[PDB]
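The data block below is entry.txt; it holds compact mmCIF, N, CA and C atoms.
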```
# COMPACT_ATOMS: atom_id res chain seq x y z
N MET A 1 -5.03 -66.66 -59.15
CA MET A 1 -4.53 -65.47 -58.42
C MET A 1 -4.38 -65.79 -56.94
N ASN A 2 -3.23 -65.47 -56.35
CA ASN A 2 -3.06 -65.74 -54.92
C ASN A 2 -3.94 -64.74 -54.16
N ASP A 3 -4.26 -65.06 -52.91
CA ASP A 3 -5.13 -64.22 -52.09
C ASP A 3 -4.71 -62.76 -51.95
N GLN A 4 -3.42 -62.55 -51.69
CA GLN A 4 -2.84 -61.20 -51.53
C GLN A 4 -3.16 -60.36 -52.76
N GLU A 5 -2.86 -60.93 -53.93
CA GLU A 5 -3.11 -60.26 -55.20
C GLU A 5 -4.60 -60.13 -55.50
N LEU A 6 -5.36 -61.20 -55.29
CA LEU A 6 -6.80 -61.17 -55.53
C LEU A 6 -7.46 -60.14 -54.62
N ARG A 7 -6.95 -60.00 -53.40
CA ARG A 7 -7.52 -59.01 -52.49
C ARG A 7 -7.25 -57.60 -53.03
N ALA A 8 -6.00 -57.35 -53.43
CA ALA A 8 -5.62 -56.04 -53.97
C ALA A 8 -6.49 -55.74 -55.18
N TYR A 9 -6.76 -56.78 -55.97
CA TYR A 9 -7.57 -56.62 -57.16
C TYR A 9 -9.03 -56.26 -56.85
N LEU A 10 -9.66 -57.03 -55.96
CA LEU A 10 -11.05 -56.78 -55.62
C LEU A 10 -11.26 -55.46 -54.88
N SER A 11 -10.34 -55.09 -54.00
CA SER A 11 -10.49 -53.85 -53.23
C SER A 11 -10.34 -52.60 -54.08
N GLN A 12 -9.55 -52.70 -55.14
CA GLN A 12 -9.34 -51.56 -56.01
C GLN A 12 -10.44 -51.42 -57.07
N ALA A 13 -11.05 -52.55 -57.45
CA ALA A 13 -12.12 -52.57 -58.45
C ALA A 13 -13.35 -51.75 -58.09
N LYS A 14 -14.01 -51.22 -59.11
CA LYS A 14 -15.22 -50.43 -58.92
C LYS A 14 -16.40 -51.03 -59.69
N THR A 15 -16.22 -51.21 -61.00
CA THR A 15 -17.29 -51.71 -61.86
C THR A 15 -17.32 -53.23 -62.09
N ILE A 16 -18.46 -53.84 -61.80
CA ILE A 16 -18.61 -55.27 -62.00
C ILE A 16 -19.79 -55.52 -62.94
N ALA A 17 -19.51 -56.04 -64.13
CA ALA A 17 -20.58 -56.34 -65.07
C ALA A 17 -21.00 -57.78 -64.77
N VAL A 18 -22.31 -58.01 -64.68
CA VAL A 18 -22.83 -59.34 -64.40
C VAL A 18 -23.45 -59.92 -65.67
N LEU A 19 -22.76 -60.89 -66.23
CA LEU A 19 -23.22 -61.51 -67.46
C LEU A 19 -24.21 -62.61 -67.09
N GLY A 20 -25.47 -62.41 -67.47
CA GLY A 20 -26.50 -63.38 -67.15
C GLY A 20 -27.30 -62.92 -65.94
N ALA A 21 -27.24 -61.61 -65.66
CA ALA A 21 -27.95 -60.98 -64.54
C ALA A 21 -29.41 -61.38 -64.55
N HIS A 22 -29.95 -61.72 -63.38
CA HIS A 22 -31.34 -62.17 -63.30
C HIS A 22 -32.24 -61.30 -62.42
N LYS A 23 -33.52 -61.27 -62.76
CA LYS A 23 -34.51 -60.49 -62.03
C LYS A 23 -35.07 -61.26 -60.82
N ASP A 24 -35.18 -62.58 -60.93
CA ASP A 24 -35.70 -63.40 -59.84
C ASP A 24 -34.77 -63.33 -58.63
N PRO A 25 -35.28 -62.87 -57.48
CA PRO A 25 -34.50 -62.75 -56.25
C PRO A 25 -33.79 -64.00 -55.74
N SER A 26 -34.37 -65.16 -55.99
CA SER A 26 -33.79 -66.40 -55.51
C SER A 26 -32.57 -66.88 -56.29
N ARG A 27 -32.34 -66.33 -57.49
CA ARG A 27 -31.21 -66.75 -58.31
C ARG A 27 -29.89 -66.09 -57.93
N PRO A 28 -28.80 -66.88 -57.88
CA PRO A 28 -27.47 -66.38 -57.54
C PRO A 28 -27.10 -65.19 -58.42
N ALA A 29 -27.58 -65.23 -59.66
CA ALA A 29 -27.34 -64.18 -60.65
C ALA A 29 -28.09 -62.92 -60.24
N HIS A 30 -28.83 -62.98 -59.14
CA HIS A 30 -29.51 -61.80 -58.67
C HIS A 30 -28.99 -61.44 -57.29
N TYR A 31 -28.96 -62.41 -56.39
CA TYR A 31 -28.51 -62.11 -55.04
C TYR A 31 -27.01 -61.88 -54.86
N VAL A 32 -26.17 -62.46 -55.71
CA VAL A 32 -24.73 -62.23 -55.59
C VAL A 32 -24.48 -60.77 -56.00
N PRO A 33 -25.03 -60.35 -57.14
CA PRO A 33 -24.84 -58.95 -57.57
C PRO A 33 -25.39 -57.97 -56.51
N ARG A 34 -26.45 -58.38 -55.83
CA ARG A 34 -27.08 -57.57 -54.80
C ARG A 34 -26.07 -57.33 -53.67
N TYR A 35 -25.42 -58.40 -53.23
CA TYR A 35 -24.42 -58.32 -52.18
C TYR A 35 -23.28 -57.38 -52.59
N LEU A 36 -22.83 -57.55 -53.83
CA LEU A 36 -21.73 -56.76 -54.38
C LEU A 36 -22.01 -55.27 -54.38
N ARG A 37 -23.23 -54.90 -54.76
CA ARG A 37 -23.61 -53.49 -54.79
C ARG A 37 -23.52 -52.91 -53.37
N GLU A 38 -23.86 -53.73 -52.39
CA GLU A 38 -23.82 -53.31 -50.99
C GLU A 38 -22.37 -53.04 -50.59
N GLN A 39 -21.46 -53.85 -51.10
CA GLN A 39 -20.04 -53.70 -50.79
C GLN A 39 -19.38 -52.54 -51.52
N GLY A 40 -20.19 -51.66 -52.10
CA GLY A 40 -19.65 -50.49 -52.78
C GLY A 40 -19.23 -50.58 -54.23
N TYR A 41 -19.63 -51.65 -54.92
CA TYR A 41 -19.28 -51.80 -56.34
C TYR A 41 -20.41 -51.26 -57.21
N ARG A 42 -20.07 -50.88 -58.44
CA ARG A 42 -21.09 -50.42 -59.37
C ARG A 42 -21.34 -51.67 -60.20
N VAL A 43 -22.52 -52.25 -60.04
CA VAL A 43 -22.87 -53.47 -60.77
C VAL A 43 -23.68 -53.11 -62.00
N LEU A 44 -23.22 -53.61 -63.14
CA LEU A 44 -23.86 -53.35 -64.42
C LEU A 44 -24.46 -54.64 -64.95
N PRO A 45 -25.80 -54.76 -64.90
CA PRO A 45 -26.47 -55.97 -65.37
C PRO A 45 -26.49 -56.14 -66.90
N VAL A 46 -26.10 -57.32 -67.37
CA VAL A 46 -26.12 -57.61 -68.80
C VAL A 46 -26.85 -58.94 -69.03
N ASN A 47 -27.96 -58.88 -69.75
CA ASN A 47 -28.75 -60.07 -70.05
C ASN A 47 -29.83 -59.67 -71.03
N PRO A 48 -29.78 -60.21 -72.25
CA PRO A 48 -30.80 -59.86 -73.24
C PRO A 48 -32.19 -60.23 -72.74
N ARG A 49 -32.25 -61.26 -71.89
CA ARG A 49 -33.51 -61.74 -71.32
C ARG A 49 -34.23 -60.69 -70.48
N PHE A 50 -33.49 -59.69 -69.99
CA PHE A 50 -34.09 -58.62 -69.18
C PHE A 50 -33.69 -57.26 -69.70
N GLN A 51 -33.37 -57.18 -70.99
CA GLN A 51 -32.98 -55.92 -71.58
C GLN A 51 -33.98 -54.81 -71.26
N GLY A 52 -33.47 -53.70 -70.73
CA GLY A 52 -34.32 -52.56 -70.40
C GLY A 52 -34.86 -52.55 -68.99
N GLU A 53 -34.91 -53.71 -68.35
CA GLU A 53 -35.42 -53.78 -66.99
C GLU A 53 -34.39 -53.28 -65.99
N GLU A 54 -34.83 -52.54 -64.99
CA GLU A 54 -33.90 -52.03 -63.99
C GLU A 54 -33.47 -53.13 -63.02
N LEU A 55 -32.18 -53.43 -63.01
CA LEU A 55 -31.65 -54.44 -62.11
C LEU A 55 -30.50 -53.81 -61.36
N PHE A 56 -30.50 -53.96 -60.05
CA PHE A 56 -29.43 -53.41 -59.22
C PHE A 56 -29.27 -51.91 -59.39
N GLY A 57 -30.39 -51.21 -59.60
CA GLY A 57 -30.35 -49.77 -59.76
C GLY A 57 -29.94 -49.30 -61.14
N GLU A 58 -29.63 -50.25 -62.02
CA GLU A 58 -29.20 -49.93 -63.38
C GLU A 58 -30.07 -50.64 -64.42
N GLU A 59 -30.17 -50.04 -65.60
CA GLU A 59 -30.95 -50.66 -66.67
C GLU A 59 -30.10 -51.76 -67.30
N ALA A 60 -30.66 -52.96 -67.40
CA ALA A 60 -29.94 -54.09 -67.99
C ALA A 60 -29.80 -53.86 -69.48
N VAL A 61 -28.66 -54.25 -70.03
CA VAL A 61 -28.41 -54.11 -71.47
C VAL A 61 -28.30 -55.53 -72.06
N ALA A 62 -28.51 -55.66 -73.36
CA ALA A 62 -28.45 -56.97 -73.99
C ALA A 62 -27.05 -57.51 -74.26
N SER A 63 -26.10 -56.62 -74.55
CA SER A 63 -24.74 -57.03 -74.87
C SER A 63 -23.68 -56.28 -74.09
N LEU A 64 -22.56 -56.96 -73.85
CA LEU A 64 -21.45 -56.36 -73.13
C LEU A 64 -20.99 -55.09 -73.82
N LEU A 65 -21.07 -55.07 -75.15
CA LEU A 65 -20.64 -53.92 -75.92
C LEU A 65 -21.56 -52.72 -75.75
N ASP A 66 -22.70 -52.93 -75.10
CA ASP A 66 -23.64 -51.84 -74.87
C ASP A 66 -23.22 -51.04 -73.63
N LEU A 67 -22.34 -51.61 -72.81
CA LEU A 67 -21.88 -50.94 -71.60
C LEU A 67 -21.14 -49.69 -72.02
N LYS A 68 -21.36 -48.61 -71.27
CA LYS A 68 -20.73 -47.34 -71.61
C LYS A 68 -19.54 -46.96 -70.73
N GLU A 69 -18.93 -47.94 -70.08
CA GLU A 69 -17.77 -47.68 -69.22
C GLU A 69 -16.92 -48.93 -69.02
N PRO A 70 -15.63 -48.76 -68.70
CA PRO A 70 -14.73 -49.89 -68.48
C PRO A 70 -15.21 -50.81 -67.39
N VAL A 71 -14.94 -52.10 -67.54
CA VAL A 71 -15.37 -53.11 -66.59
C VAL A 71 -14.16 -53.71 -65.89
N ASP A 72 -14.13 -53.60 -64.57
CA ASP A 72 -13.02 -54.12 -63.78
C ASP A 72 -13.15 -55.61 -63.59
N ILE A 73 -14.38 -56.07 -63.37
CA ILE A 73 -14.65 -57.49 -63.18
C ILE A 73 -15.88 -57.92 -63.96
N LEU A 74 -15.76 -59.00 -64.72
CA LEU A 74 -16.91 -59.52 -65.45
C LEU A 74 -17.31 -60.78 -64.68
N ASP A 75 -18.41 -60.69 -63.92
CA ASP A 75 -18.92 -61.81 -63.13
C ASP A 75 -19.87 -62.56 -64.05
N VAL A 76 -19.45 -63.76 -64.46
CA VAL A 76 -20.18 -64.58 -65.40
C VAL A 76 -21.04 -65.68 -64.79
N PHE A 77 -22.34 -65.60 -65.06
CA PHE A 77 -23.29 -66.59 -64.57
C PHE A 77 -23.81 -67.47 -65.71
N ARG A 78 -23.42 -67.18 -66.95
CA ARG A 78 -23.89 -67.98 -68.10
C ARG A 78 -23.20 -69.35 -68.08
N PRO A 79 -23.95 -70.42 -68.41
CA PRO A 79 -23.45 -71.80 -68.42
C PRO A 79 -22.36 -72.04 -69.43
N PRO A 80 -21.53 -73.09 -69.23
CA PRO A 80 -20.42 -73.41 -70.14
C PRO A 80 -20.82 -73.58 -71.60
N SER A 81 -21.99 -74.16 -71.85
CA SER A 81 -22.46 -74.36 -73.21
C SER A 81 -22.88 -73.07 -73.92
N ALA A 82 -22.76 -71.93 -73.24
CA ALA A 82 -23.14 -70.65 -73.84
C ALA A 82 -21.95 -69.68 -73.90
N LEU A 83 -20.86 -70.07 -73.28
CA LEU A 83 -19.71 -69.19 -73.21
C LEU A 83 -19.00 -68.88 -74.52
N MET A 84 -18.78 -69.89 -75.36
CA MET A 84 -18.09 -69.64 -76.62
C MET A 84 -18.79 -68.61 -77.51
N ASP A 85 -20.11 -68.57 -77.51
CA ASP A 85 -20.83 -67.60 -78.33
C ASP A 85 -20.70 -66.19 -77.76
N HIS A 86 -20.19 -66.09 -76.53
CA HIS A 86 -20.02 -64.78 -75.89
C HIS A 86 -18.57 -64.31 -76.04
N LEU A 87 -17.67 -65.25 -76.32
CA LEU A 87 -16.25 -64.94 -76.44
C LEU A 87 -15.92 -63.67 -77.21
N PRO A 88 -16.52 -63.48 -78.39
CA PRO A 88 -16.24 -62.27 -79.17
C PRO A 88 -16.52 -60.97 -78.42
N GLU A 89 -17.69 -60.87 -77.78
CA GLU A 89 -18.02 -59.66 -77.03
C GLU A 89 -17.18 -59.54 -75.75
N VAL A 90 -16.77 -60.67 -75.20
CA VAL A 90 -15.94 -60.67 -73.99
C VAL A 90 -14.56 -60.11 -74.35
N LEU A 91 -13.95 -60.68 -75.38
CA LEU A 91 -12.63 -60.23 -75.81
C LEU A 91 -12.66 -58.76 -76.25
N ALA A 92 -13.78 -58.33 -76.83
CA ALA A 92 -13.91 -56.94 -77.28
C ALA A 92 -14.00 -55.95 -76.12
N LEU A 93 -14.75 -56.33 -75.09
CA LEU A 93 -14.92 -55.48 -73.92
C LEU A 93 -13.61 -55.41 -73.14
N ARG A 94 -12.87 -56.53 -73.15
CA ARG A 94 -11.61 -56.66 -72.44
C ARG A 94 -11.74 -56.20 -70.97
N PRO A 95 -12.49 -56.96 -70.15
CA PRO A 95 -12.66 -56.58 -68.74
C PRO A 95 -11.33 -56.84 -68.06
N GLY A 96 -11.10 -56.20 -66.91
CA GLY A 96 -9.85 -56.39 -66.20
C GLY A 96 -9.66 -57.80 -65.66
N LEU A 97 -10.77 -58.48 -65.38
CA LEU A 97 -10.73 -59.83 -64.83
C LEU A 97 -12.05 -60.54 -65.15
N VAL A 98 -11.98 -61.82 -65.51
CA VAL A 98 -13.19 -62.60 -65.80
C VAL A 98 -13.37 -63.61 -64.68
N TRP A 99 -14.56 -63.58 -64.09
CA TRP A 99 -14.90 -64.45 -62.96
C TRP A 99 -16.02 -65.41 -63.34
N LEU A 100 -15.70 -66.69 -63.49
CA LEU A 100 -16.73 -67.66 -63.82
C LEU A 100 -17.34 -68.16 -62.52
N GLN A 101 -18.65 -67.97 -62.37
CA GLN A 101 -19.34 -68.38 -61.15
C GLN A 101 -19.36 -69.90 -60.92
N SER A 102 -19.85 -70.31 -59.75
CA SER A 102 -19.92 -71.72 -59.38
C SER A 102 -20.52 -72.65 -60.44
N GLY A 103 -19.87 -73.79 -60.63
CA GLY A 103 -20.34 -74.77 -61.60
C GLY A 103 -20.10 -74.39 -63.06
N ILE A 104 -19.23 -73.41 -63.28
CA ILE A 104 -18.95 -72.98 -64.63
C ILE A 104 -17.46 -73.04 -64.98
N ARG A 105 -17.12 -73.99 -65.86
CA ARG A 105 -15.75 -74.16 -66.35
C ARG A 105 -15.85 -74.39 -67.86
N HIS A 106 -14.83 -73.96 -68.59
CA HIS A 106 -14.80 -74.16 -70.04
C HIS A 106 -13.40 -73.92 -70.54
N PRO A 107 -12.61 -75.00 -70.65
CA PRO A 107 -11.22 -75.06 -71.10
C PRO A 107 -10.87 -74.13 -72.26
N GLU A 108 -11.58 -74.28 -73.38
CA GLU A 108 -11.28 -73.44 -74.53
C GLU A 108 -11.54 -71.98 -74.22
N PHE A 109 -12.70 -71.70 -73.63
CA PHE A 109 -13.05 -70.32 -73.29
C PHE A 109 -12.01 -69.72 -72.36
N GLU A 110 -11.58 -70.51 -71.38
CA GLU A 110 -10.60 -70.04 -70.41
C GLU A 110 -9.24 -69.85 -71.06
N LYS A 111 -8.89 -70.77 -71.95
CA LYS A 111 -7.61 -70.69 -72.65
C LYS A 111 -7.58 -69.46 -73.54
N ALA A 112 -8.70 -69.15 -74.20
CA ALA A 112 -8.75 -67.99 -75.09
C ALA A 112 -8.54 -66.69 -74.32
N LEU A 113 -9.09 -66.63 -73.11
CA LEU A 113 -8.95 -65.42 -72.29
C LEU A 113 -7.50 -65.27 -71.81
N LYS A 114 -6.90 -66.39 -71.42
CA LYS A 114 -5.51 -66.39 -70.96
C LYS A 114 -4.62 -65.87 -72.10
N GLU A 115 -4.79 -66.46 -73.27
CA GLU A 115 -4.01 -66.05 -74.42
C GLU A 115 -4.17 -64.55 -74.71
N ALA A 116 -5.35 -63.99 -74.47
CA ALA A 116 -5.56 -62.56 -74.69
C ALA A 116 -5.01 -61.70 -73.54
N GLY A 117 -4.35 -62.33 -72.57
CA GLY A 117 -3.82 -61.59 -71.44
C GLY A 117 -4.88 -61.15 -70.43
N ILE A 118 -6.01 -61.85 -70.38
CA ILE A 118 -7.08 -61.49 -69.45
C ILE A 118 -7.16 -62.49 -68.29
N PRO A 119 -6.94 -62.02 -67.05
CA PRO A 119 -6.99 -62.89 -65.87
C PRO A 119 -8.34 -63.54 -65.71
N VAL A 120 -8.33 -64.79 -65.26
CA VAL A 120 -9.56 -65.53 -65.06
C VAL A 120 -9.57 -66.23 -63.70
N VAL A 121 -10.71 -66.16 -63.03
CA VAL A 121 -10.91 -66.88 -61.77
C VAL A 121 -12.12 -67.74 -62.14
N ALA A 122 -12.04 -69.05 -61.93
CA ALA A 122 -13.15 -69.91 -62.33
C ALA A 122 -13.71 -70.82 -61.25
N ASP A 123 -15.01 -71.12 -61.38
CA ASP A 123 -15.72 -71.98 -60.44
C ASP A 123 -15.61 -71.54 -58.96
N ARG A 124 -15.94 -70.28 -58.71
CA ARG A 124 -15.93 -69.71 -57.36
C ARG A 124 -17.09 -68.73 -57.28
N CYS A 125 -17.67 -68.58 -56.10
CA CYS A 125 -18.76 -67.63 -55.92
C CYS A 125 -18.12 -66.33 -55.47
N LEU A 126 -18.26 -65.28 -56.28
CA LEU A 126 -17.68 -63.99 -55.96
C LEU A 126 -18.11 -63.45 -54.58
N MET A 127 -19.37 -63.66 -54.21
CA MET A 127 -19.85 -63.18 -52.90
C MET A 127 -19.09 -63.89 -51.79
N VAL A 128 -19.06 -65.21 -51.87
CA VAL A 128 -18.38 -66.02 -50.88
C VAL A 128 -16.93 -65.60 -50.78
N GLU A 129 -16.26 -65.50 -51.93
CA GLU A 129 -14.85 -65.12 -51.97
C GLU A 129 -14.61 -63.73 -51.41
N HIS A 130 -15.53 -62.81 -51.69
CA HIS A 130 -15.40 -61.45 -51.20
C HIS A 130 -15.48 -61.46 -49.66
N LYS A 131 -16.43 -62.24 -49.14
CA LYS A 131 -16.61 -62.35 -47.70
C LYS A 131 -15.36 -62.93 -47.05
N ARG A 132 -14.83 -64.01 -47.62
CA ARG A 132 -13.65 -64.66 -47.07
C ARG A 132 -12.37 -63.82 -47.06
N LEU A 133 -12.23 -62.94 -48.04
CA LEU A 133 -11.04 -62.12 -48.15
C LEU A 133 -11.10 -60.83 -47.35
N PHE A 134 -12.31 -60.30 -47.16
CA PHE A 134 -12.48 -59.04 -46.45
C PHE A 134 -13.15 -59.08 -45.08
N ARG A 135 -13.37 -60.28 -44.56
CA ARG A 135 -14.00 -60.44 -43.25
C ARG A 135 -13.37 -61.62 -42.50
N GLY A 136 -12.88 -62.61 -43.25
CA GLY A 136 -12.25 -63.77 -42.65
C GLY A 136 -12.94 -65.10 -42.90
```

With the file now loaded, output its structure as structure tokens.
Amino acid sequence: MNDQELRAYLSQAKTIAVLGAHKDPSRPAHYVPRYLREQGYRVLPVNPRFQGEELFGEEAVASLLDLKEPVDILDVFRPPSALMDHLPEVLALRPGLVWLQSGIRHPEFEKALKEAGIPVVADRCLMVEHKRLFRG
């Protein structure tokens, strides 16, 4: 996505589901979502590892299909070796955009999303990118 379009996309978005949301403050899967909530987004934590625990002001759910509202951005922190097993729930939720966090790439997974008509941004830190597009 070019910057102009990616900016229009991020500024209009409201709900960001964080796949692999973490409770430990030092983890990117915790502090990136933290930053996002500050920027006015509704962050929905998803991680079976913390199911039921309140993260980012919301109760974490085990599966994407447990979310009770449309997802504008799916911020993915799960490693490449775990992505294919999530594909079914990802395609089912059909988020407006899939964002693979830093150090996460997966050809087949990415190709499957493209084929389903779902935009993908890969190997980028959403916080960093948000800062660069809306502050300089």

Give me the box for segment 29-46 of chain A as JSON, namely the centre and edge lengths in Å to one decimal of a box along x, y and z that holds every listed atom plus 5 Å on each side.
```
{"center_x": -24.4, "center_y": -57.8, "center_z": -59.8, "size_x": 20.3, "size_y": 24.8, "size_z": 28.4}
```

Exercise for the section: List the neighbours of segment 13-18 of chain A out to 6.5 Å using only N, CA and C atoms; skip same-chain residues closer than 2 positions along the sequence, and give me the result as a list in words. Expected result: residues 8, 9, 10, 11, 20, 21, 40, 41, 42, 43, 44, 45, 46, 47, 70, 71, 72, 73, 74, 75, 76 and 77 of chain A

Would you save the residues from that selection as a PDB file, in the frame of the given file, using N, CA and C atoms?
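Here's the written file result05.pdb:
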```
ATOM      1  N   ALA A   8      -6.000 -57.350 -53.430  1.00  0.00           N
ATOM      2  CA  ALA A   8      -5.620 -56.040 -53.970  1.00  0.00           C
ATOM      3  C   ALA A   8      -6.490 -55.740 -55.180  1.00  0.00           C
ATOM      4  N   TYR A   9      -6.760 -56.780 -55.970  1.00  0.00           N
ATOM      5  CA  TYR A   9      -7.570 -56.620 -57.160  1.00  0.00           C
ATOM      6  C   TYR A   9      -9.030 -56.260 -56.850  1.00  0.00           C
ATOM      7  N   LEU A  10      -9.660 -57.030 -55.960  1.00  0.00           N
ATOM      8  CA  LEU A  10     -11.050 -56.780 -55.620  1.00  0.00           C
ATOM      9  C   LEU A  10     -11.260 -55.460 -54.880  1.00  0.00           C
ATOM     10  N   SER A  11     -10.340 -55.090 -54.000  1.00  0.00           N
ATOM     11  CA  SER A  11     -10.490 -53.850 -53.230  1.00  0.00           C
ATOM     12  C   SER A  11     -10.340 -52.600 -54.080  1.00  0.00           C
ATOM     13  N   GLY A  20     -25.470 -62.410 -67.470  1.00  0.00           N
ATOM     14  CA  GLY A  20     -26.500 -63.380 -67.150  1.00  0.00           C
ATOM     15  C   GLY A  20     -27.300 -62.920 -65.940  1.00  0.00           C
ATOM     16  N   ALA A  21     -27.240 -61.610 -65.660  1.00  0.00           N
ATOM     17  CA  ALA A  21     -27.950 -60.980 -64.540  1.00  0.00           C
ATOM     18  C   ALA A  21     -29.410 -61.380 -64.550  1.00  0.00           C
ATOM     19  N   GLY A  40     -20.190 -51.660 -52.100  1.00  0.00           N
ATOM     20  CA  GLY A  40     -19.650 -50.490 -52.780  1.00  0.00           C
ATOM     21  C   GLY A  40     -19.230 -50.580 -54.230  1.00  0.00           C
ATOM     22  N   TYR A  41     -19.630 -51.650 -54.920  1.00  0.00           N
ATOM     23  CA  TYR A  41     -19.280 -51.800 -56.340  1.00  0.00           C
ATOM     24  C   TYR A  41     -20.410 -51.260 -57.210  1.00  0.00           C
ATOM     25  N   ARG A  42     -20.070 -50.880 -58.440  1.00  0.00           N
ATOM     26  CA  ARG A  42     -21.090 -50.420 -59.370  1.00  0.00           C
ATOM     27  C   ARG A  42     -21.340 -51.670 -60.200  1.00  0.00           C
ATOM     28  N   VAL A  43     -22.520 -52.250 -60.040  1.00  0.00           N
ATOM     29  CA  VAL A  43     -22.870 -53.470 -60.770  1.00  0.00           C
ATOM     30  C   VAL A  43     -23.680 -53.110 -62.000  1.00  0.00           C
ATOM     31  N   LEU A  44     -23.220 -53.610 -63.140  1.00  0.00           N
ATOM     32  CA  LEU A  44     -23.860 -53.350 -64.420  1.00  0.00           C
ATOM     33  C   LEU A  44     -24.460 -54.640 -64.950  1.00  0.00           C
ATOM     34  N   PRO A  45     -25.800 -54.760 -64.900  1.00  0.00           N
ATOM     35  CA  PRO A  45     -26.470 -55.970 -65.370  1.00  0.00           C
ATOM     36  C   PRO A  45     -26.490 -56.140 -66.900  1.00  0.00           C
ATOM     37  N   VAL A  46     -26.100 -57.320 -67.370  1.00  0.00           N
ATOM     38  CA  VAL A  46     -26.120 -57.610 -68.800  1.00  0.00           C
ATOM     39  C   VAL A  46     -26.850 -58.940 -69.030  1.00  0.00           C
ATOM     40  N   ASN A  47     -27.960 -58.880 -69.750  1.00  0.00           N
ATOM     41  CA  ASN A  47     -28.750 -60.070 -70.050  1.00  0.00           C
ATOM     42  C   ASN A  47     -29.830 -59.670 -71.030  1.00  0.00           C
ATOM     43  N   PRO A  70     -15.630 -48.760 -68.700  1.00  0.00           N
ATOM     44  CA  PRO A  70     -14.730 -49.890 -68.480  1.00  0.00           C
ATOM     45  C   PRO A  70     -15.210 -50.810 -67.390  1.00  0.00           C
ATOM     46  N   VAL A  71     -14.940 -52.100 -67.540  1.00  0.00           N
ATOM     47  CA  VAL A  71     -15.370 -53.110 -66.590  1.00  0.00           C
ATOM     48  C   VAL A  71     -14.160 -53.710 -65.890  1.00  0.00           C
ATOM     49  N   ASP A  72     -14.130 -53.600 -64.570  1.00  0.00           N
ATOM     50  CA  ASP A  72     -13.020 -54.120 -63.780  1.00  0.00           C
ATOM     51  C   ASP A  72     -13.150 -55.610 -63.590  1.00  0.00           C
ATOM     52  N   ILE A  73     -14.380 -56.070 -63.370  1.00  0.00           N
ATOM     53  CA  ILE A  73     -14.650 -57.490 -63.180  1.00  0.00           C
ATOM     54  C   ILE A  73     -15.880 -57.920 -63.960  1.00  0.00           C
ATOM     55  N   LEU A  74     -15.760 -59.000 -64.720  1.00  0.00           N
ATOM     56  CA  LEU A  74     -16.910 -59.520 -65.450  1.00  0.00           C
ATOM     57  C   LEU A  74     -17.310 -60.780 -64.680  1.00  0.00           C
ATOM     58  N   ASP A  75     -18.410 -60.690 -63.920  1.00  0.00           N
ATOM     59  CA  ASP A  75     -18.920 -61.810 -63.130  1.00  0.00           C
ATOM     60  C   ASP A  75     -19.870 -62.560 -64.050  1.00  0.00           C
ATOM     61  N   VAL A  76     -19.450 -63.760 -64.460  1.00  0.00           N
ATOM     62  CA  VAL A  76     -20.180 -64.580 -65.400  1.00  0.00           C
ATOM     63  C   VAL A  76     -21.040 -65.680 -64.790  1.00  0.00           C
ATOM     64  N   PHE A  77     -22.340 -65.600 -65.060  1.00  0.00           N
ATOM     65  CA  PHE A  77     -23.290 -66.590 -64.570  1.00  0.00           C
ATOM     66  C   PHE A  77     -23.810 -67.470 -65.710  1.00  0.00           C
TER      67      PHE A  77
END
```

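The smallest atom-to-atom distance between residue 67 of chain A and any of A:106, A:39, A:19, A:83, using only C-alpha atoms, is found for A:19.
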
Practice task
Pick out the residues sitting within 7 Å of residue 23 of chain A, and hand them over as a PyMOL selection string; count all atoms listed in the file, and ignore anything fewer than 5 positions along from it in its own chain.
Solution key: chain A and resi 29-30+50+55

Handout entry: DSSP-assigned helix (DSSP H, G or I) members of segment 14-107 of chain A, reported as an NGL selection string
Key = :A and (28-38 or 48-50 or 64-66 or 80-83 or 87-93 or 107)

Exercise for the section: Take atom CA of residue 51 of chain A and atom C of residue 26 of chain A and report the distance between them in Å, one decimal. Expected result: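 Separating atom CA of residue 51 of chain A from atom C of residue 26 of chain A is a distance of 18.8 Å.
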
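The shortest atom-to-atom distance to residue 84 of chain A, with all atoms listed in the file taken into account, belongs to A:108 out of A:5, A:53, A:59, A:108.
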
Exercise for the section: Work out how far atom N of residue 90 of chain A is from atom N of residue 4 of chain A, in Å to one decimal. Expected result: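 That distance, rounded to one decimal, is 27.1 Å.
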
Handout entry: Length of the atom C of residue 37 of chain A to atom CA of residue 58 of chain A vector [Å]
Key =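 Interatomic distance, atom C of residue 37 of chain A to atom CA of residue 58 of chain A: 11.9 Å.
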
Practice task
Write out as a list in words each polymer residue whose atoms come within 7 Å of segment 123-133 of chain A, counting all atoms listed in the file; drop sequence neighbours fewer than 4 positions from it.
Solution key: residues 7, 32, 35, 36, 99, 100, 101, 102, 103, 104 and 105 of chain A

Exercise for the section: Identify, with DSSP run on backbone atoms, the residues in chain A assigned to strand (DSSP E), and express the list as a list in words. Expected result: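 For chain A, the strand (DSSP E) set is residues 15, 16, 17, 18, 19, 42, 43, 44, 45, 46, 54, 55, 58, 59, 73, 74, 75, 76, 98, 99, 100, 120, 121 and 122 of chain A.
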
Problem - Option closest in space to residue 49 of chain A, from A:80, A:34, A:22, A:96 [counting only N, CA and C atoms] - result: A:22
